[PDB]
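Below: one structure, written as structure tokens.
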2 protein chains.
Amino acid sequence: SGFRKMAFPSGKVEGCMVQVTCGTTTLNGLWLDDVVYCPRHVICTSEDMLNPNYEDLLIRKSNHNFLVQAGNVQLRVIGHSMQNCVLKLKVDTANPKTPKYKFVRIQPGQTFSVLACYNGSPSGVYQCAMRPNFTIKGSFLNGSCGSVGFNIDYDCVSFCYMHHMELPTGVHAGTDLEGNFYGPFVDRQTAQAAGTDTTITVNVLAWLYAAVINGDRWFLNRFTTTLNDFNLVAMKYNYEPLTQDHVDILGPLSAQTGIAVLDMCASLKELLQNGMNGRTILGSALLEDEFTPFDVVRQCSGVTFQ
Amino acid sequence: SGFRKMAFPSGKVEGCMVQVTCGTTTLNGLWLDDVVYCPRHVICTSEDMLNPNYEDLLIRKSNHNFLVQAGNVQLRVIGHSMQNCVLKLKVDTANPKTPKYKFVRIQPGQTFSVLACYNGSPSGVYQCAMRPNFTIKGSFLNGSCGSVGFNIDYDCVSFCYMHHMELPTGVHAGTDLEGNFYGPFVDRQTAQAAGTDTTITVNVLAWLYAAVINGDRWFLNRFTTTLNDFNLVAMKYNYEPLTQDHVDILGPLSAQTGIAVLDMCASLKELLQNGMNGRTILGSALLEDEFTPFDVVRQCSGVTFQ
Ligand SMILES: *[C@H](O)[C@H](C[C@@H]1CCNC1=O)NC(=O)[C@@H]1[C@H]2CCC[C@H]2CN1C(=O)COc1ccc(Cl)c(Cl)c1
Ligand SMILES: *[C@H](O)[C@H](C[C@@H]1CCNC1=O)NC(=O)[C@@H]1[C@H]2CCC[C@H]2CN1C(=O)COc1ccc(Cl)c(Cl)c1
């Protein structure tokens, strides 16, 4: 038993992490087969960072301008191209540690592991959710750009996130691995801001099921509610609407615990209207919304990855 | 910016994880050079698990009884010996992925990363603290024994924990890598229990400094307090006494933020006496005590590992 914010083992990604330096900018790149992926703003310098034109900036670059460092081995760049907001640096060497992988784009509400890197070297790993407003509450300092977010699905790494920037509230924005930003953000210094977030309702319910599985039961009740009546409460407390599909996805957890999904909604309602009254749930005094139903099933049943 | 419960990159440990099967028991082993380390209770079966005599049980074993599986390669056991509560299985092959390592024993209050494994395959990674009562609040299911806890110090893995068991409150107990239990626990089914815990005071203060570094300032005050007067409050709220050495260790964080350690203590006092009044600190509605001063400095300055 126990329930922890658990990241995927990072080894497969660690072997793909490289250093990319161009001009005065050093960031991280992702080396898969003979391509290194990195944020395109590496080709910028200070004055370039207000209103850049990256097509103009890229045509002025040379392969030899890109210093790519895989540990203590320099990788010769032999081609480069821009794909949206990522740069694809073709290098003369395929990464022998390339795992099976996919580039996937995730939905707000879904979670992933971030391997925070500096200078191509992994610093730490942690779990994140894509917020409804397409930001992530990460932990990122200067030089962390190009760190990736990912899931692992048996032996296959699904890369979903590459880090580009921090917003004024201290949250983080980036792209999928095809270079397309999550949310309405651009890789420029503008006055852009996150915009209002909501709590991921289905995830909160998943975490309540994790709590029941782990022996926290105090918030349970005999009450029930309709899906419509629950969503009128969710709206007031700035929770995402719960769909019938969310109810279906919570089925297995409902079955294991014997608590109907709509019954757990009634519990959530009471927690929203009354608070926790000094109690905790799974060591939290807040309703936690960064575990998906899958995350709960994964942890509470012991799925591994080969 | 941002602050996350961050684990170390797990790759170096992942390459050491193997499966050990003996009889009806399958657990994880740690393969370093030509030795596999695993919990000695692998040599037990159901009836063996009440009041065992492991010296008796081990002399009845044969090298060939130990099925050691490194991925899809079976490792031939050529010797075995007991060291306290761990078994050392000598195998005919040195692990080519053996990192530089040390066996270290940690102090309550210190943190480490756990690579949760099943069947020798990594499932997830998360950060833990050694509680003052020598338990850890982990996430462990049947088959997770032999998973290790560790820190990474540049390129060197300091293994500090191997998992053996869960206690009736859902917390976890285990040994250092020399087989010596953390705390007054034994690898038997007895009525043993954790025993009363305390909150790791120096860590809470570290996390308050992390909050200030990250722009959470609402809990700060002009007040100060003496170390003695703070500790009279700490005792009432079941917090560990703060020592002058703790104050010294918090020096660098005090210097970076400009908040005297004893001033931050005064803030903690007020949080203890008054609660948080609906506010959060670093996304928590609880005072968090599983970040050490080192963890905070590490994350808020970007230390990596090569
Ligand atoms: C890339 O390493 C870096 C990552 C940032 C730095 C601080 N936290 C992060 O996650 N990205 C940036 O510096 C990007 C840069 C590329 C696109 C736009 C431009 C500006 N920017 C920002 O992240 C701006 O916010 C910001 C906040 C705090 C700090 Cl210290 C900095 Cl350097 C930037
Ligand atoms: C080893 O894989 C296993 C890990 C346990 C299992 C559940 N959570 C864990 O962390 N260890 C044990 O099963 C040990 C075993 C070796 C020493 C004593 C004996 C009993 N025990 C326990 O952990 C007893 O507690 C316990 C609680 C809940 C469950 Cl499902 C189980 Cl199997 C054991």
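Side chains included, hydrogens not; waters and symmetry mates left out as well; all remaining heavy atoms used. One-based numbering, in listed order, for ligands and for the atoms of each. Order of the sequence lines fixes the chain letters, A, B, ..., with proteins taken first and strands second; residue numbering starts at 1 for each chain.
- The cationic group of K61(B) lies under 6.0 Å from the six-membered ring centre of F66(B) and within 45° of the ring axis, placing it in a cation-pi geometry.
- Ring centroid separation for the pair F181(B) and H164(B) comes in under the 6.0 Å cut-off.
- Note on ligand 2: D187(B) sits in its first shell, one or more heavy atoms being nearer than 4.0 Å.
- Counting heavy atoms closer than 4.0 Å to ligand 1, residue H41(A) contributes side-chain atoms (C-beta onward) but none from N, CA, C or O.
- In this structure, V125(A) and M6(B) have side chains that are not in contact, with every pair of non-hydrogen atoms separated by 4.5 Å or more.
- Looking at heavy atoms from C-beta onward, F3(B) lies in side-chain contact with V296(B) at the 4.5 angstrom threshold.
- At under 3.5 Å, a nitrogen or oxygen of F140(A), whether backbone or side chain, sits near a nitrogen or oxygen of ligand 1.
- For atom 24 (C) of ligand 2, the nearest protein heavy atom lies closer than 4.0 Å.
- For atom 21 (N) of ligand 1, the nearest protein heavy atom (residue, atom name, distance) is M165(A) CB, 3.9 Å.
- Distance remark: protein heavy atom present below 4.0 angstrom from atom 17 (C) of ligand 2.
- Looking only at heavy atoms of the protein, atom 1 (C) of ligand 1 is closest to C145(A) SG, 1.8 Å.
- The two residues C44(A) and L57(A) make their nearest non-hydrogen contact at SG-CD1, 4.1 Å.
- Not a single protein heavy atom sits closer than 4.0 Å to atom 33 (C) of ligand 1.
- For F185(A) and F134(A), the distance between ring centers is not under 6.0 angstrom.
- Closest protein heavy atom to atom 15 (C) of ligand 1: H164(A) O, 4.2 Å.
- Not one N or O on the side chain of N28(B) forms a donor-acceptor pair closer than 3.5 Å with the backbone of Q19(B).
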* Asked: Is there a salt bridge (charged side-chain N to carboxylate O under 4.0 Å, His left out) between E55(A) and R60(A) once you walk through the steps?
  -> CA-CA 9 Å; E55(A) 289 88 341; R60(A) 303 168 189 170; over 6 Å; no
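- Ring centroids of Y37(A) and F103(A) are separated by less than 6.0 Å, placing the two rings close together.
- The cationic group of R105(A) does not satisfy the cation-pi geometry with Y161(A), failing either the under 6.0 Å distance to the six-membered ring centre or the 45° limit from the ring axis.
- If you look at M49(A) next to ligand 1, there are no close heavy atoms at all, none under 4.0 Å.
- Looking at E166(A) next to ligand 1, an N or O pair under 3.5 Å apart turns up.
- Counting protein heavy atoms under 4.0 angstrom from atom 6 (C) of ligand 1 gives one or more.
- Comparing heavy-atom distances from atom 13 (O) of ligand 1 across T190(A), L141(A), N142(A) singles out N142(A) as nearest.
- Using a 4.0 Å cut-off between heavy atoms, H163(A) contacts ligand 1 through its side chain alone, with no backbone atom that close.
- Atoms of ligand 1 found under 4.0 Å from any heavy atom of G143(A), numbered from 1 in the order shown, are 2 (O).
- Counting heavy atoms only, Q189(A) comes closest to atom 20 (C) of ligand 1 of the residues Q192(A), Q189(A), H172(A).
- Remark: aromatic rings of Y126(B) and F112(B) are distant, center separation not under 6.0 Å.
- Remark: atom 29 (C) of ligand 1 lies closer than 4.0 Å to no protein heavy atom.
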